[PDB]
Peer 1: 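Have a look at this one.
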Amino acid sequence: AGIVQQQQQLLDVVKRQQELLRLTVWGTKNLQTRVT
Amino acid sequence: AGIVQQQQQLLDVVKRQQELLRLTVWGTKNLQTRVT
Amino acid sequence: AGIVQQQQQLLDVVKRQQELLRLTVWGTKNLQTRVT
Amino acid sequence: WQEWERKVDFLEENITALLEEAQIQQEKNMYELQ
Amino acid sequence: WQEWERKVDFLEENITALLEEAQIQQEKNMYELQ
Amino acid sequence: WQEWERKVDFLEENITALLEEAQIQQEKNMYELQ
């Protein structure tokens, strides 16, 4: 019950890291459009 | 099993997230080179 | 107790990734300020 | 930059897929201990 | 870029916090499973 | 940016090694669960 519980928390943080990853790729895409 | 499985799925996401992160660090580097 | 350690390693990875991510974001912000 | 984009776009979709299926295998393990 | 920045800052802080919580559960697991 | 470059390069080398171990350990969990 505790290993799976940690799994939910681990998957929870990895989801947010993705949101942050997406935001950084957007910036990179955006700067790229302009610099190009 | 079902959790040792969830363990793999989690490892796969971070593995994939790293693949995406690499590309993003490559973009930042490229733009940094031209922008300056 | 095979998986608990593995859950620590996956934890340490997301942590290292977050650090790298924050650095990447600083670069995106820094370039952004130069571009605009 | 052409292939670059093509790659980050596929990775994004991939990850969302893994995250989705992970949420599934997670809830399966939740109701299982039960 | 104004909103964008506000969201990365928040997410950066949020993730660092979620990680800290996971540390608490990791400990209980180190204890229990042993 | 000079310091930034060597910090991301190490962090990249770091996570890569860590990702291997994570897989290897995973290889042992199901190799040893039974």
Side-chain angles (χ1 to χ4, degrees), chain A residues 11-36, chain B residues 10-36, chain C residues 10 12-36, chain D residues 1-20 22, chain E residues 1-19, chain F residues 1-20 22:
Chain A
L11 161 80
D12 264 348
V13 65
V14 156
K15 238 155 173 97
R16 300 292 274 238
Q17 185 112 286
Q18 189 52 33
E19 279 164 53
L20 177 57
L21 199 25
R22 296 173 190 137
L23 277 187
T24 313
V25 163
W26 174 93
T28 309
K29 266 180 161 119
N30 190 282
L31 276 168
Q32 142 87 351
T33 282
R34 295 153 49 220
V35 165
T36 302
Chain B
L10 291 170
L11 184 39
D12 277 352
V13 171
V14 295
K15 285 213 246 185
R16 241 90 292 178
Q17 266 168 340
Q18 192 51 23
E19 290 189 329
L20 178 42
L21 190 44
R22 289 171 181 136
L23 288 172
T24 292
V25 162
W26 173 93
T28 301
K29 293 200 149 167
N30 181 285
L31 290 157
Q32 146 67 175
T33 288
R34 310 141 63 177
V35 166
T36 67
Chain C
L10 285 169
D12 302 340
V13 152
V14 178
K15 207 164 310 153
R16 285 286 129 157
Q17 293 184 304
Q18 164 68 184
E19 276 156 35
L20 173 65
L21 232 191
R22 289 174 154 261
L23 288 172
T24 295
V25 164
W26 168 90
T28 302
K29 295 171 162 201
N30 180 270
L31 299 175
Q32 160 56 351
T33 304
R34 289 162 171 284
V35 166
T36 53
Chain D
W1 282 97
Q2 259 298 266
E3 192 65 341
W4 175 83
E5 198 185 47
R6 254 173 244 128
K7 276 148 121 199
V8 309
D9 270 9
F10 169 85
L11 291 185
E12 161 62 356
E13 203 48 19
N14 195 186
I15 288 146
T16 288
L18 292 164
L19 282 172
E20 253 140 42
Chain E
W1 285 96
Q2 237 16 58
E3 239 330 273
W4 174 92
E5 163 139 17
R6 194 196 68 72
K7 274 109 116 296
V8 295
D9 282 350
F10 177 92
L11 289 180
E12 285 185 358
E13 154 184 70
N14 185 221
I15 288 143
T16 308
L18 304 184
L19 283 175
Chain F
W1 279 101
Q2 250 177 279
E3 236 237 317
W4 175 92
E5 154 108 16
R6 78 172 246 112
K7 277 190 141 166
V8 287
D9 285 355
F10 169 74
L11 272 170
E12 161 65 19
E13 217 106 286
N14 208 277
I15 296 153
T16 297
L18 293 185
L19 282 186
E20 325 202 320

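In what follows, chains carry the letters A, B, and so on, assigned in the order in which the sequence lines appear, proteins first and then strands, with residues in each chain numbered from 1.
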Peer 1: May I ask you to check whether C:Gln18 and E:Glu12 show a side-chain donor-acceptor distance below 3.5 Å?
Peer 2: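 The answer is no; no qualifying pair exists.
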Peer 1: Does C:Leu31 form a side-chain contact (heavy atoms from CB on, under 4.5 Å) with F:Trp1? I'd like the steps, not just the answer.
Peer 2: CA-CA 11 Å; C:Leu31 299 175; F:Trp1 279 101; 3.5 Å; yes
Peer 1: Please evaluate residues A:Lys15 and A:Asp12 with respect to the criterion salt bridge (charged side-chain N to carboxylate O under 4.0 Å, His left out), reporting the C-alpha separation (whole Å), side-chain torsions for both, the decisive distance (0.1 Å), and the verdict.
Peer 2: CA-CA 5 Å; A:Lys15 238 155 173 97; A:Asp12 264 348; over 6 Å; no
Peer 1: Can you sort out the partners of D:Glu3 under salt bridge (charged side-chain N to carboxylate O under 4.0 Å, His left out), two or more places apart, ordered by chain and number?
Peer 2: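 Salt bridge (charged side-chain N to carboxylate O under 4.0 Å, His left out) list for D:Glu3, sorted by chain: D:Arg6.
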Peer 1: Taking C-beta and beyond as the side chain, do C:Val13 and C:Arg16 meet within less than 4.5 Å on heavy atoms?
Peer 2: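 Sidechains of C:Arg16 and C:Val13: no contact.
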Peer 1: Show the nearest heavy-atom pair for residues B:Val14 and C:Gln17, with the distance to one decimal.
Peer 2: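 Taking B:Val14 first and C:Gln17 second, the nearest heavy atoms are O-NE2, 3.1 Å.
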Peer 1: About how many Å separate NZ of D:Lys7 and CG of D:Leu11, when rounded to the nearest 0.5 Å?
Peer 2: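 Rounded to the nearest 0.5 Å, the CG-NZ separation comes out at 8.5 Å.
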Peer 1: Does one side chain, of D:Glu20 or D:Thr16, offer a donor that lies under 3.5 Å from an acceptor on the other?
Peer 2: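 On atom types as modelled, these side chains do not qualify, holding no pair under 3.5 Å.
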Peer 1: For F:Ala22 versus C:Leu10, what's the shortest heavy-atom pair and its separation?
Peer 2: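 Reported closest heavy-atom pair: CB-CD2, 4.5 Å.
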Peer 1: Would you give the length of the straight line joining atom CG of A:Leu21 to atom CD1 of D:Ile15, rounded to the nearest 0.5 angstrom?
Peer 2: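 Nearest 0.5 Å value for the CG-CD1 distance: 6.0 Å.
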Peer 1: Indicate whether any N or O donor in one side chain lies under 3.5 Å from an N or O acceptor in the other, for F:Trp4 and C:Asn30.
Peer 2: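 Absent: no donor and acceptor within the cut-off.
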Peer 1: Any heavy-atom pair between the side chains of E:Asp9 and E:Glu13 that's under 4.5 Å?
Peer 2: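 A side-chain contact under 4.5 Å is absent here.
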Peer 1: Would B:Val25 and B:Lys29 count as a side-chain contact (heavy atoms from CB on, under 4.5 Å) here? Give the steps.
Peer 2: CA-CA 6 Å; B:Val25 162; B:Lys29 293 200 149 167; 4.2 Å; yes
Peer 1: Is any NZ, NE, NH1 or NH2 atom of the basic residue among B:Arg22 and B:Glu19 found under 4.0 Å from an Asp or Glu carboxylate oxygen of the other?
Peer 2: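 No, this pair does not count.
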Peer 1: Applying salt bridge (charged side-chain N to carboxylate O under 4.0 Å, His left out), can you list everything that pairs with B:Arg34, at least two apart in sequence or on another chain?
Peer 2: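 Partners of B:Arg34 by the salt bridge (charged side-chain N to carboxylate O under 4.0 Å, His left out) criterion come out as none, since no residue qualifies.
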Peer 1: Between B:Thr28 and B:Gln32, is there a side-chain donor-acceptor contact under 3.5 Å, judged purely by atom types and distance?
Peer 2: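 No - no donor-acceptor pair under 3.5 Å links their side chains.
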